[PDB]
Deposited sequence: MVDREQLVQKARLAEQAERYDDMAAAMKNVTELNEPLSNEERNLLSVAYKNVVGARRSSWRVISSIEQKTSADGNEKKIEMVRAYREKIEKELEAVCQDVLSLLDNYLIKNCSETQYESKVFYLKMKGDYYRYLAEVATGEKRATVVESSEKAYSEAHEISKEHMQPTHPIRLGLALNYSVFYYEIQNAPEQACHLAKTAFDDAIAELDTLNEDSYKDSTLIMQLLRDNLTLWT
């Protein structure tokens, strides 16, 4: 059965039906067994595409919303549509965070550092997506949850993972983005990204032919963000 749900996720991905792909991997996760590296990637790709479509739509509508003719009826329609997409995005994030808290982070053994960092980074990511759309009083809690997940992931990867590991590099990338875009803290964002970049550069001789691409891709993104920010 499990292999058939995973095959279904692979088919849904080929058909670019990411709602189906996420539903299949959600079912696999709820079987309460650890995910293989391929299953973990399939789960991550599925929900990244599902939430990414909601995030992209929200950014378009929110940008259009800030635009006036004095037509209170047009503004009301635009803001109600934004709220509809917003609630869809929040429901996706709530589903992923429940999977992380109830199954994925939970089933990680004390020494399963790579999976722990991967899932904690994911937890920080999806609270960050909640923080992107939250306003007013409700925003502070999801910002705090995002920083807390990223911080724990950062401490584990710093102690136990090589600086060139793609999961450690990607954690620093998204954590630095959190500081810049969510916390409006460019000095902290630049320090985190530059330290991770330089720590990986110092050990570039350690990458193999197969590993080099995953790490150098993130290293280019770290440099691109630093170039943008400075």
Sequence ranges without modelled C-alpha atoms (deposited numbering): 1-2, 70-71
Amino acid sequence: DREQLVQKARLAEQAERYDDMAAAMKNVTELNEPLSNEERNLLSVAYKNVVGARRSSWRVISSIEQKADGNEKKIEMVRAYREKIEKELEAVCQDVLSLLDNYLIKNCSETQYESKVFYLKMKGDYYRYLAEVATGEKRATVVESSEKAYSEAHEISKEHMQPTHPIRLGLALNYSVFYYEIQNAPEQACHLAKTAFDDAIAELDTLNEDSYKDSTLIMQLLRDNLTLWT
From here on, numbers count along this sequence of modelled residues.
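In this text, the rigid core denotes the largest set of C-alpha atoms whose superposition between the two forms falls within 1.5 Å.
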RMS CA shift, core-fitted in 8 other deposited structures of this protein, bigger for 103-111 or for 147-155: 103-111
Segment of greater CA departure in 8 other deposited structures of this protein, 129-137 or 86-94, core superposed: 129-137
Unmodelled in at least a third of other entries of this protein, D69: yes
Per the entry, higher mean C-alpha B factor between 28-36 and 177-185: 28-36
Given 210-218 and 17-25, the range whose Cα B-factors average higher in the PDB entry: 210-218
Highest recorded Cα temperature factor - choice among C190, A196, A68, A46: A68
Third of chain Cα B-factors occupied by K123: lowest
Chain third (lowest, middle, highest) by recorded CA B-factor, residue given as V133: middle
Chain third (lowest, middle, highest) by recorded CA B-factor, residue given as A202: highest
For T230, the third of its chain into which the C-alpha B factor falls: highest
Where the record places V143 (Cα B-factor, split into thirds across the chain): lowest
